[PDB]
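Below, in structure tokens: the form deposited in one PDB entry, a single chain.
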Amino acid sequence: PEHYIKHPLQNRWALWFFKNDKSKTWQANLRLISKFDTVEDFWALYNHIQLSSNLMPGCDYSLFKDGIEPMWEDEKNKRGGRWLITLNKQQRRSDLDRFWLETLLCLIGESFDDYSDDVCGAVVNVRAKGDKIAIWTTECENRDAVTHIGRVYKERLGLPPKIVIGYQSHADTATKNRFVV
């Protein structure tokens, strides 16, 4: 068995793509690429798509658990929020791709212990003004889950203790940090 079975992931995941088109609504610009639920199928997908740093400004990738759309309105995101990584323009070259892949691995490898169940997915925004990476979680009032996910994520990214990252609820973003680590 170990010689021919793929390695199943805890969760099936869906990769989404967003291309800004002023001709369409935001939701009409968001498309599902494909889904996977093994390590092998994850790396097959990741190895055939563009690195985030090579996307055009205005594009996103989103990696979300099967059944959760990468939008605030999903029942699993409307009460939640995001740990937000803000990148300056110089970090598109130095950090964006390595941070995104670490984020992807934090998700599929369930790296936040028993609070990995609060994780909905992650989004990378490629923007001329500054790129963003974020991990979305389901409930912004869950202090322990949100704090634990942020502390782990910060250290997995290897961010310096001299900086903080913040967590904002989607309700506030849709109209301030609820947590900082």
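Between two forms, the rigid core is defined as the largest C-alpha subset superposing within 1.5 Å. Don't overthink the numbering: it's just position in the shown sequence, from 1. Only residues modelled in both forms are compared.
Note that the form deposited with a partner chain bound isn't included here; everything after this is about it.
The closest non-hydrogen atom of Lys132 lies beyond 4.5 Å of the partner chain in the deposited complex. When contacts are judged by a 4.5 Å heavy atom cut-off, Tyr61 counts as touching the partner chain in the deposited complex. Proximity of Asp74 to the partner chain in the deposited complex: non-hydrogen atoms within 4.5 Å are absent; the residue sits far from the partner. Although the partner is absent here, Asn47 lies within 4.5 Å of the partner chain in the deposited complex, judged by heavy atoms. None of 140-148, 122-130, 66-74, 32-40 except one has non-hydrogen atoms within 4.5 angstroms of the partner chain in the deposited complex; the exception is 32-40. With the core held fixed between the shown form and the other one, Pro161 has its Cα displaced by at least 2 Å.
Shifted stretches between the shown form and the other one, defined as 3+ consecutive common residues each with a CA displacement of 2 angstroms or more after rigid core fitting, are limited to 160-164.
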